Amino acid sequence: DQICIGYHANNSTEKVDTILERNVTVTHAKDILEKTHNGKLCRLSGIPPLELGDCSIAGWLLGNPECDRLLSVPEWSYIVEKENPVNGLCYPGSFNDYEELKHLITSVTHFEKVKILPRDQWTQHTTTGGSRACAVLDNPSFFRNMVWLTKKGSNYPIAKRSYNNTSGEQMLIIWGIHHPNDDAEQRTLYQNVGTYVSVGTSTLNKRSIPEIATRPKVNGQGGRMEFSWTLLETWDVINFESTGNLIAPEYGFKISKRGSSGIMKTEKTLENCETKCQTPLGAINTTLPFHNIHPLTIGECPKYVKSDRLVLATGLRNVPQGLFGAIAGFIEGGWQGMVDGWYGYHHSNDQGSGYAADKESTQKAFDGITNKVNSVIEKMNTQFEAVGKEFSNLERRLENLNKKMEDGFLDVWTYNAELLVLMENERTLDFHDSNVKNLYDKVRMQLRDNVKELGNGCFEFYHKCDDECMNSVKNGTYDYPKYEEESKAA
Amino acid sequence: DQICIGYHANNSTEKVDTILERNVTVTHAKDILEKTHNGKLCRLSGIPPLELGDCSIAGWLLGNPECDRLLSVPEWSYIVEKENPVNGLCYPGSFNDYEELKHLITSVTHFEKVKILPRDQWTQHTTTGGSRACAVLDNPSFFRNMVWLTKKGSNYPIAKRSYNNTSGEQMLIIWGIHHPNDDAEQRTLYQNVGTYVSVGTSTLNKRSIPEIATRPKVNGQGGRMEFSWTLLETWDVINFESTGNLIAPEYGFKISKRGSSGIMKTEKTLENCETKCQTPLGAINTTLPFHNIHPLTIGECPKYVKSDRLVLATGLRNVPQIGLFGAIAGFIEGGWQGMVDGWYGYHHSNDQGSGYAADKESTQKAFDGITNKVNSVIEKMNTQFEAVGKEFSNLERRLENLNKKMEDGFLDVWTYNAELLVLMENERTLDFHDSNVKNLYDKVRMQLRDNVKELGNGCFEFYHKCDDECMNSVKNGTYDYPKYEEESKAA
Amino acid sequence: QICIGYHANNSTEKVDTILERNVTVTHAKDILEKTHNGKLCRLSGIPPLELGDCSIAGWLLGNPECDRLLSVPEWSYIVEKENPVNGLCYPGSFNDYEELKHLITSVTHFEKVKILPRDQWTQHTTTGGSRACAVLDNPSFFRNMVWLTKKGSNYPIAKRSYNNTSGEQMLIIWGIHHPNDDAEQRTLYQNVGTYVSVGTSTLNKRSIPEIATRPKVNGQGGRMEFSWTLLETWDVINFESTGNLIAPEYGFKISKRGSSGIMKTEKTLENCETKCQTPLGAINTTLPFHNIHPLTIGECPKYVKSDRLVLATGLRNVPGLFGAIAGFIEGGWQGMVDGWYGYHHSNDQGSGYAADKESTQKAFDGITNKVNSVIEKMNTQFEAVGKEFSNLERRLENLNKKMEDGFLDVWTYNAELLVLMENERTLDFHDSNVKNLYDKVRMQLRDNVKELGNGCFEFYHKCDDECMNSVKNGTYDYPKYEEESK
């Protein structure tokens, strides 16, 4: 007649690491590192991104002919370009504060193209000018949203037009100045040398002057076009005033913003799809606190880490057949044959044997570990972020500062997440150990001298312990006085 | 005759969370999150802030008439402004590298006004030019620290004046150029069309041409004034020259810096108050490592976190009566209301009485231990002076965003780590108490050996008479086993 | 009889734990690196560029004072004196200077070339110089640059170009001269309303000279404004000017792996090797933290605001959660040298100490994993902490400071607390190891022995060396000696 304290073992091969040990096999585990995505570009919190594919934001906004037909949703949650768009400034040049502009339209309400300065109303200038650099099929053309003002006959009178933003929303307006190859070209196109482009609003005062230099051809053009932009407040007016070289907008873009986002550089396309965390490889749908998919995410995302593996122990050390000496200790092996709990008893008497899980201690352990896992996951704070940024090539220092920052956080999170898992895994194994030792002690303190401590977690009865008796032990209501007399001999 | 091991219980309903459990009731606890402030704007380490009220820094430095009766201390540790200052560039315009200027004077020594270019000495120019965009009461007026040079009679001769910085300190100097709305304006003000403004020091070299162009009226003006600034070094000279459109300074500002600070946007005004950590809602007075009061602080501050609650268990699990080591709420089913003199102790019964006594040794151990734990979590926090809030122009959104992403970054790190630290430390504090009771019980057991019987929940029944002196020797670990058998009673 | 016990020694090593301060332990491991070699070293095989008291502009422009500089063709970082003495001897400025410096902190390789031989400026005077760049002490000039001035009394259009056929991107610098007055303009350039224009396939620029009275610097009221571009392979740069152009005669072939930084120090290269350099000396450590100096370059440990980070490895030195060590087993044993935990026995045959190498070995393996967990998990990517910002970039500089201070705070705190937490666990781990040992014997002997309460067991039967051995290894035969008669 004997009763034994034991613990669960199974066919698990799942390993974890702890602070003190490596590759420990445990009965149950849970990975808290998200490693999978759906390989798709999705809508973010219900809003699609703006898809530019081959074109750059400049090529699109200016209306580079290979871009001016782009579809264009009225509202988007982020922007998807390719790494290096083929179609941008068809006519070569530069764009002032181009990155700031990109950052501005990265997420919008609301965005709508509007005709603000009908091109036919430049009655004193020629308006049909174009370039072979922007040729189609294959006549010379030009940015579709813009107007190249040149002299009419031999005259370029001052060009003065204004527009009042009665639209109802702030309006993005873009304009440019042309820098010819030489003075002769300057005289041919604008008749006068020594000209200026002047743009003014309530908040903006900008003047550019043509800068003529000898340049290698780009897209077959030695000339350059330099563009600028502003936000025109509602009910405000913008005044264009130029004696030559102005590249005027014919259109403006109504814009409302909801906050900011980012550009995501990928070769993928939108699908009928919903996510809260987008990566260039696909979308993440996860509750886990960490992922290792891609650094450049957009949305409310888990923390990116370097690790390939973050597995928490939930079950106990799997010993098919610690701090507290019981598990894989004086109770040297686990019972492959206890399926109904983590800890329990095996009993032998005239009636049989023997496996019975302790429901309470098991229930307490499940609660405990459930809280552990939930602690590590739920306490992670998450807010919307767009990780990737645009910097120009005279902003390497700024780019580098942003890189050091993202690297510093990567280091902090990777280090802490690894050690957290190592520490908690250690303590989890010991938690189970403790639970078993306490179960073993409940039985001991009940039996005392009415049984012998057989070692290996077994108790040898000095009396006849029937099934009902065994149950009284298993439920902590064993009747010691009843089995005095019939004890050893006494 | 018996002696029982036990542990403190009390009235507390104070709750903590651990890694394994939520809302555990403990006898004592300490909040390590600072949640309160004094609702005052205060001096920062002895030094007051500069108060600007409704004026922006530009308005104040240029001397917008609405700002020209303003305090201005000899020295400040930060700048207080209202969220959107009413008074700035009264005549419409702009200010080059304005954010840098603002950052520069965020905290000064020492800040002294000097009349470097007395206006009355522009003898070949009209100097009393004013505008309705700066109307005083309610006559035309102008920035009181600046001089609008305009034609005298029908003439605007070349204007050349210079100044040597013999102030013995770096000097902040501001100047402007006027961009008229039209040629008639250029002509009225400066006679000549085709003018220039030129400014030169040892390190600064700048020449600008006025931009005449039609613009929407702001404060009734199509024109704009564009201001720039430089620091004139000790003993260096600044040369002004203009055939028109120069907005000259009459004053410069001797400036000495002892580090940088920031600007705090609030409606509060300075009070006779001292703090090391200021927020827009009021000052924080604390040694605690974390706070949740406001993100935009100035001073030496606790780490800001996104939690409502960070409570460390100090006492033990409160189990008043009518764990890893299995004693507390375990084989010793409950605690003792009646033991006030310690955390763990004994109850003894014998012929002479009974019998609560705190075990002094293990109680002291526990007090020292928990005291060190709390002190570890609090003292190890490195805290240096910072001004969270920053100024970025409307064309520095990427930069502003970089700043936001950084603060959010440390916010997430500190919040996650603080929440987890507490959960983990509370877990171990409960187990420490549990262990302490378990060890105390074992201490008695190992002394008594078979001179006593283990009775259940923490109690020993002696097989021999144990009077108060015997109890004492047990309580202080000098029990005398060989003396007490009489363990013929054991059989 | 037989007693369980643990190692003690003559250590005075002190560690702190979350619960306790100044605990003496048998052994401990410092994880904070505090020493450097006091030398300036090569970085993974490659030396720094050493500029003495010449600034980078002074060097690239060819300030006469910088002639005996002698560069290298490849370098891993740049060493500059805290405050260079030789920069723009002719007063002026340098557009996007800091971006230039950042671009050349680390190259492979670098080579000056004569892209625009000055002999070929046949329609201009090229001998112009200034007492501001005086050599010995006659007027001189930046040696890589060419001050063009009127020839006789004519300054024909200056028109030259260059095609980068050198096979490498080429750094090219030019300047414009802003004279002090009109007399100076005419003396130098004849013409008055002149320009300098520069063009490549990406660069477009036309500058007008600013003539204005300024304070004398190095005796000059005039100023030279320099700008730079990176010319692509097979691209062309075109200079055109009617005056005021300060032209390059040379360009610099440049290839970059990645970026580094500039170290300010007085020290000079000393023929050592390192993978982590501070301005005080190089660091050679496997440890995860260091407190030598903030501004490092290379693959460095995390820098922290800490004087001491000592990890306990051994046990409390006694010449805990489990109550064994410094508990019911009052003291350690000097005499037990082979292990952390063990036995002492008293016999008819003798005594005494025997290390239990199983539990010791399991412990050594455990602590070793802990230590190397703390160390190896640390990331160490190459980096250059120090950064250059101009005097109108204070906000950006302060933003960078805020970031460094941020990580420092995080790392200092986590490192301090990590050490305190792990140390309390280490001590309790040893305590538990002793307790389980004592219980291993107790649960074996059972009825056949007396538990004294000081770690000792007193046999109710004779226990010879062999019996003792079965106890010391968990094969003790309880039935064999069961003859009670206690």
# chains A, B, ... in the order shown; residues from 1 in each chain; ligands from 1
$ closest_atom_pairs --of "chain C" --to "chain B" --cutoff "9 Å" --atoms "only C-alpha atoms" --output "tab-separated table"
residue	atom	partner	partner_atom	distance
C:17	CA	B:373	CA	8.5
C:18	CA	B:373	CA	5.0
C:19	CA	B:369	CA	4.3
C:20	CA	B:369	CA	6.2
C:21	CA	B:372	CA	7.8
C:91	CA	B:203	CA	8.4
C:92	CA	B:203	CA	7.5
C:93	CA	B:203	CA	8.2
C:210	CA	B:207	CA	6.3
C:211	CA	B:207	CA	8.2
C:212	CA	B:198	CA	6.7
C:213	CA	B:200	CA	7.0
C:214	CA	B:200	CA	5.1
C:215	CA	B:202	CA	5.6
C:216	CA	B:202	CA	7.2
C:217	CA	B:202	CA	6.4
C:221	CA	B:202	CA	8.5
C:223	CA	B:205	CA	8.2
C:305	CA	B:382	CA	8.0
C:320	CA	B:435	CA	8.5
C:321	CA	B:435	CA	5.5
C:322	CA	B:435	CA	7.1
C:323	CA	B:439	CA	5.8
C:327	CA	B:443	CA	8.7
C:328	CA	B:443	CA	7.3
C:392	CA	B:100	CA	6.3
C:393	CA	B:100	CA	7.2
C:394	CA	B:100	CA	6.7
C:395	CA	B:100	CA	6.6
C:396	CA	B:399	CA	8.4
C:398	CA	B:260	CA	8.7
C:399	CA	B:403	CA	7.2
C:402	CA	B:386	CA	7.8
C:403	CA	B:406	CA	7.3
C:405	CA	B:384	CA	8.2
C:406	CA	B:410	CA	7.2
C:407	CA	B:410	CA	8.4
C:408	CA	B:382	CA	8.8
C:409	CA	B:382	CA	5.9
C:410	CA	B:414	CA	7.8
C:412	CA	B:382	CA	7.4
C:413	CA	B:381	CA	5.9
C:414	CA	B:417	CA	8.8
C:416	CA	B:380	CA	6.9
C:417	CA	B:376	CA	7.4
C:420	CA	B:376	CA	8.1
C:451	CA	B:449	CA	7.5
C:452	CA	B:446	CA	7.3
C:453	CA	B:446	CA	4.9
C:454	CA	B:446	CA	8.3
$ write_last_selection --atoms "N, CA and C atoms" --output "short mmCIF file (atom, residue, chain, number, x, y, z; two decimals), in the first residue's frame"
data_model
loop_
_atom_site.label_atom_id
_atom_site.label_comp_id
_atom_site.auth_asym_id
_atom_site.auth_seq_id
_atom_site.Cartn_x
_atom_site.Cartn_y
_atom_site.Cartn_z
N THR C 17 23.53 43.24 -3.59
CA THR C 17 22.34 42.61 -4.12
C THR C 17 21.16 43.55 -3.90
N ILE C 18 20.01 43.23 -4.47
CA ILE C 18 18.81 44.04 -4.25
C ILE C 18 18.49 44.18 -2.76
N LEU C 19 18.74 43.12 -1.99
CA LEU C 19 18.38 43.13 -0.58
C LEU C 19 19.53 43.53 0.34
N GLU C 20 20.75 43.45 -0.17
CA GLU C 20 21.91 43.60 0.70
C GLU C 20 23.05 44.38 0.06
N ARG C 21 23.79 45.11 0.88
CA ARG C 21 24.96 45.85 0.42
C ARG C 21 26.24 45.25 1.01
N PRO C 91 40.27 84.73 -44.89
CA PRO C 91 38.99 84.62 -44.17
C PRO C 91 37.82 84.29 -45.10
N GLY C 92 36.87 83.52 -44.61
CA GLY C 92 35.70 83.20 -45.40
C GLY C 92 34.79 82.20 -44.73
N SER C 93 34.31 81.25 -45.52
CA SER C 93 33.42 80.23 -45.02
C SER C 93 33.36 79.07 -46.00
N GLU C 210 29.65 89.48 -53.33
CA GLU C 210 29.11 90.51 -52.45
C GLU C 210 30.20 91.48 -52.00
N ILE C 211 30.17 92.69 -52.55
CA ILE C 211 31.15 93.72 -52.22
C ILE C 211 30.64 94.59 -51.09
N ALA C 212 31.34 94.56 -49.96
CA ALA C 212 30.91 95.28 -48.76
C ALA C 212 32.05 95.42 -47.76
N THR C 213 32.09 96.56 -47.07
CA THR C 213 33.11 96.80 -46.06
C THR C 213 32.93 95.92 -44.83
N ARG C 214 34.01 95.25 -44.45
CA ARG C 214 34.00 94.32 -43.33
C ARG C 214 35.25 94.52 -42.49
N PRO C 215 35.23 94.06 -41.24
CA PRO C 215 36.43 94.11 -40.39
C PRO C 215 37.57 93.26 -40.94
N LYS C 216 38.80 93.72 -40.76
CA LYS C 216 39.96 92.98 -41.21
C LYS C 216 40.12 91.70 -40.39
N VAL C 217 40.27 90.59 -41.09
CA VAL C 217 40.61 89.31 -40.48
C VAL C 217 41.86 88.80 -41.17
N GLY C 221 39.70 92.59 -45.41
CA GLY C 221 38.29 92.90 -45.32
C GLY C 221 37.48 92.02 -46.25
N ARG C 223 36.48 88.30 -48.31
CA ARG C 223 36.14 86.97 -47.82
C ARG C 223 36.05 85.96 -48.95
N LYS C 305 27.13 55.19 -16.57
CA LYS C 305 27.51 56.11 -15.52
C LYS C 305 27.71 55.33 -14.23
N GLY C 320 19.68 33.74 3.47
CA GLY C 320 19.33 33.27 2.14
C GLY C 320 17.96 32.61 2.14
N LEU C 321 17.31 32.62 0.98
CA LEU C 321 15.98 32.04 0.88
C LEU C 321 15.90 30.63 1.46
N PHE C 322 16.97 29.86 1.39
CA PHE C 322 16.88 28.44 1.79
C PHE C 322 17.38 28.09 3.20
N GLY C 323 17.96 29.08 3.88
CA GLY C 323 18.32 28.94 5.28
C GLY C 323 19.53 28.08 5.62
N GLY C 327 23.24 29.99 7.90
CA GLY C 327 21.98 29.70 8.56
C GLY C 327 22.15 28.59 9.58
N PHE C 328 21.46 27.47 9.38
CA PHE C 328 21.60 26.33 10.28
C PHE C 328 22.93 25.63 10.07
N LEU C 392 24.81 77.15 -36.02
CA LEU C 392 23.38 77.37 -36.25
C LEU C 392 22.67 76.03 -36.33
N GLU C 393 23.25 75.02 -35.68
CA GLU C 393 22.65 73.70 -35.60
C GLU C 393 22.59 73.24 -34.15
N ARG C 394 22.51 74.19 -33.22
CA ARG C 394 22.43 73.85 -31.80
C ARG C 394 21.29 72.91 -31.47
N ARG C 395 20.15 73.09 -32.13
CA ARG C 395 18.99 72.27 -31.81
C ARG C 395 19.27 70.83 -32.19
N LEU C 396 19.84 70.64 -33.38
CA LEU C 396 20.20 69.32 -33.84
C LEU C 396 21.25 68.70 -32.92
N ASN C 398 21.67 69.36 -29.78
CA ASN C 398 21.00 69.11 -28.51
C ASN C 398 20.11 67.87 -28.61
N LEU C 399 19.51 67.69 -29.78
CA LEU C 399 18.72 66.51 -30.06
C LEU C 399 19.60 65.25 -29.97
N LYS C 402 20.38 64.71 -26.29
CA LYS C 402 19.20 64.11 -25.67
C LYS C 402 19.14 62.60 -25.92
N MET C 403 19.57 62.18 -27.10
CA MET C 403 19.55 60.77 -27.46
C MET C 403 20.64 59.97 -26.75
N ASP C 405 22.16 60.86 -23.90
CA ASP C 405 21.78 60.89 -22.49
C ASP C 405 20.67 59.89 -22.21
N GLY C 406 19.74 59.77 -23.14
CA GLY C 406 18.65 58.83 -23.01
C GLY C 406 19.14 57.40 -22.88
N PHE C 407 19.97 56.97 -23.83
CA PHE C 407 20.45 55.59 -23.82
C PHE C 407 21.35 55.31 -22.61
N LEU C 408 22.18 56.29 -22.27
CA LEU C 408 23.00 56.22 -21.08
C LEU C 408 22.15 55.93 -19.83
N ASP C 409 21.09 56.71 -19.64
CA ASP C 409 20.23 56.52 -18.49
C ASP C 409 19.65 55.10 -18.48
N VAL C 410 19.10 54.69 -19.62
CA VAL C 410 18.50 53.37 -19.74
C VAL C 410 19.50 52.28 -19.43
N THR C 412 22.51 52.48 -17.88
CA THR C 412 23.09 52.57 -16.55
C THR C 412 22.15 51.91 -15.54
N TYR C 413 20.87 52.22 -15.65
CA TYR C 413 19.88 51.73 -14.72
C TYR C 413 19.69 50.23 -14.85
N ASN C 414 19.44 49.78 -16.08
CA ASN C 414 19.22 48.37 -16.32
C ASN C 414 20.44 47.55 -15.90
N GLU C 416 22.76 48.41 -13.63
CA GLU C 416 22.86 48.44 -12.17
C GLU C 416 21.88 47.45 -11.55
N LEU C 417 20.62 47.52 -11.98
CA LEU C 417 19.59 46.63 -11.44
C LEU C 417 19.79 45.16 -11.83
N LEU C 420 22.26 43.71 -9.45
CA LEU C 420 21.71 43.54 -8.10
C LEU C 420 20.73 42.36 -8.03
N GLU C 451 19.49 13.92 13.36
CA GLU C 451 19.68 15.24 12.78
C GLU C 451 20.01 16.24 13.89
N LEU C 452 21.25 16.73 13.91
CA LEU C 452 21.71 17.59 14.99
C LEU C 452 21.20 19.03 14.88
N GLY C 453 21.15 19.56 13.66
CA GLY C 453 20.62 20.89 13.44
C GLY C 453 21.67 21.91 13.05
N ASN C 454 22.88 21.41 12.79
CA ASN C 454 24.01 22.24 12.39
C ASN C 454 24.59 21.74 11.07
#
$ residues_around --residues "residue 9 of chain A" --least-positions-apart "6" --cutoff "7 Å" --atoms "only C-alpha atoms" --output "PyMOL selection string"
chain A and resi 27+318-320+334-336
$ residues_around --residues "segment 423-439 of chain C" --least-positions-apart "2" --cutoff "7 Å" --atoms "only C-alpha atoms" --output "list in words"
residues 323 and 325 of chain A; 4, 17, 18, 311, 312, 313, 315, 316, 320, 321, 322, 324, 325, 341, 359, 419, 420, 421, 441, 442, 443 and 455 of chain C
$ write_last_selection --atoms "C-alpha atoms" --output "PDB file, in the first residue's frame"
ATOM      1  CA  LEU A 323      15.783  25.233  -6.704  1.00  0.00           C
ATOM      2  CA  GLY A 325      15.068  19.512  -5.290  1.00  0.00           C
TER       3      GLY A 325
ATOM      4  CA  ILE C   4      27.090  18.836   5.000  1.00  0.00           C
ATOM      5  CA  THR C  17      22.342  42.606  -4.122  1.00  0.00           C
ATOM      6  CA  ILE C  18      18.810  44.038  -4.253  1.00  0.00           C
ATOM      7  CA  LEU C 311      28.691  40.004 -10.484  1.00  0.00           C
ATOM      8  CA  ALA C 312      28.790  37.346  -7.738  1.00  0.00           C
ATOM      9  CA  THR C 313      29.917  33.957  -9.010  1.00  0.00           C
ATOM     10  CA  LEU C 315      28.936  31.939  -2.542  1.00  0.00           C
ATOM     11  CA  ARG C 316      28.753  34.228   0.474  1.00  0.00           C
ATOM     12  CA  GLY C 320      19.326  33.273   2.138  1.00  0.00           C
ATOM     13  CA  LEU C 321      15.983  32.045   0.882  1.00  0.00           C
ATOM     14  CA  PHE C 322      16.880  28.440   1.788  1.00  0.00           C
ATOM     15  CA  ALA C 324      21.405  26.745   4.837  1.00  0.00           C
ATOM     16  CA  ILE C 325      24.345  29.074   4.167  1.00  0.00           C
ATOM     17  CA  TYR C 341      29.674  22.081  -1.620  1.00  0.00           C
ATOM     18  CA  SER C 359      26.415  19.502  -7.331  1.00  0.00           C
ATOM     19  CA  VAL C 419      23.591  43.091 -11.402  1.00  0.00           C
ATOM     20  CA  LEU C 420      21.706  43.539  -8.103  1.00  0.00           C
ATOM     21  CA  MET C 421      18.931  41.117  -9.089  1.00  0.00           C
ATOM     22  CA  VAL C 441      21.469  12.811   2.881  1.00  0.00           C
ATOM     23  CA  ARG C 442      18.573  13.334   5.271  1.00  0.00           C
ATOM     24  CA  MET C 443      16.015  11.642   3.002  1.00  0.00           C
ATOM     25  CA  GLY C 455      24.254  20.338   9.113  1.00  0.00           C
TER      26      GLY C 455
END
$ residues_around --residues "residue 60 of chain B" --least-positions-apart "3" --cutoff "10 Å" --atoms "only C-alpha atoms" --output "JSON, numbers by chain"
{"B": [52, 54, 55, 56, 57, 63, 64, 65, 66, 67, 68, 69, 70, 72, 87, 88, 89, 143, 144, 145]}
$ residues_around --residues "residue 14 of chain B" --least-positions-apart "4" --cutoff "12 Å" --atoms "only C-alpha atoms" --output "PyMOL selection string"
chain B and resi 10+23-31+311-318
$ residues_around --residues "segment 165-174 of chain A" --least-positions-apart "4" --cutoff "6 Å" --atoms "only C-alpha atoms" --output "list in words"
residues 228, 229, 230, 231, 232, 233, 234, 235, 236, 252, 253, 254 and 255 of chain A
$ atom_distance --atom1 "atom CA of residue 8 of chain A" --atom2 "atom CA of residue 20 of chain A"
22.3 Å
$ closest_atom_pairs --of "chain A" --to "chain B" --cutoff "7 Å" --atoms "only C-alpha atoms" --output "JSON lines"
{"residue": "A:100", "atom": "CA", "partner": "B:395", "partner_atom": "CA", "distance": 6.4}
{"residue": "A:103", "atom": "CA", "partner": "B:398", "partner_atom": "CA", "distance": 6.9}
{"residue": "A:198", "atom": "CA", "partner": "B:213", "partner_atom": "CA", "distance": 6.9}
{"residue": "A:200", "atom": "CA", "partner": "B:215", "partner_atom": "CA", "distance": 5.4}
{"residue": "A:201", "atom": "CA", "partner": "B:215", "partner_atom": "CA", "distance": 6.0}
{"residue": "A:202", "atom": "CA", "partner": "B:216", "partner_atom": "CA", "distance": 5.7}
{"residue": "A:237", "atom": "CA", "partner": "B:216", "partner_atom": "CA", "distance": 6.2}
{"residue": "A:239", "atom": "CA", "partner": "B:215", "partner_atom": "CA", "distance": 6.0}
{"residue": "A:241", "atom": "CA", "partner": "B:213", "partner_atom": "CA", "distance": 6.8}
{"residue": "A:368", "atom": "CA", "partner": "B:20", "partner_atom": "CA", "distance": 4.4}
{"residue": "A:369", "atom": "CA", "partner": "B:20", "partner_atom": "CA", "distance": 6.4}
{"residue": "A:371", "atom": "CA", "partner": "B:20", "partner_atom": "CA", "distance": 5.2}
{"residue": "A:372", "atom": "CA", "partner": "B:19", "partner_atom": "CA", "distance": 5.1}
{"residue": "A:375", "atom": "CA", "partner": "B:19", "partner_atom": "CA", "distance": 6.4}
{"residue": "A:379", "atom": "CA", "partner": "B:416", "partner_atom": "CA", "distance": 6.0}
{"residue": "A:380", "atom": "CA", "partner": "B:416", "partner_atom": "CA", "distance": 5.7}
{"residue": "A:381", "atom": "CA", "partner": "B:412", "partner_atom": "CA", "distance": 5.7}
{"residue": "A:431", "atom": "CA", "partner": "B:324", "partner_atom": "CA", "distance": 6.9}
{"residue": "A:434", "atom": "CA", "partner": "B:324", "partner_atom": "CA", "distance": 5.7}
{"residue": "A:438", "atom": "CA", "partner": "B:326", "partner_atom": "CA", "distance": 6.2}
$ interface_residues --of "chain C" --to "chain A" --cutoff "8 Å" --atoms "only C-alpha atoms" --output "number ranges by chain"
C: 96, 99, 102-103, 197-202, 204-206, 235-240, 365-370, 373-374, 377-379, 400, 403, 407, 411, 429, 432-433, 436, 440, 443-444, 446
$ select_by_dssp --residues "segment 341-382 of chain C" --states "helix (DSSP H, G or I)" --output "PyMOL selection string"
chain C and resi 357-376
$ closest_residue --among "C:273, C:67, C:464, C:225" --to "residue 88 of chain C" --atoms "only C-alpha atoms"
C:225
$ atom_distance --atom1 "atom CA of residue 386 of chain A" --atom2 "atom CA of residue 259 of chain A"
11.3 Å
$ atom_distance --atom1 "atom CA of residue 308 of chain C" --atom2 "atom CA of residue 382 of chain C"
24.8 Å
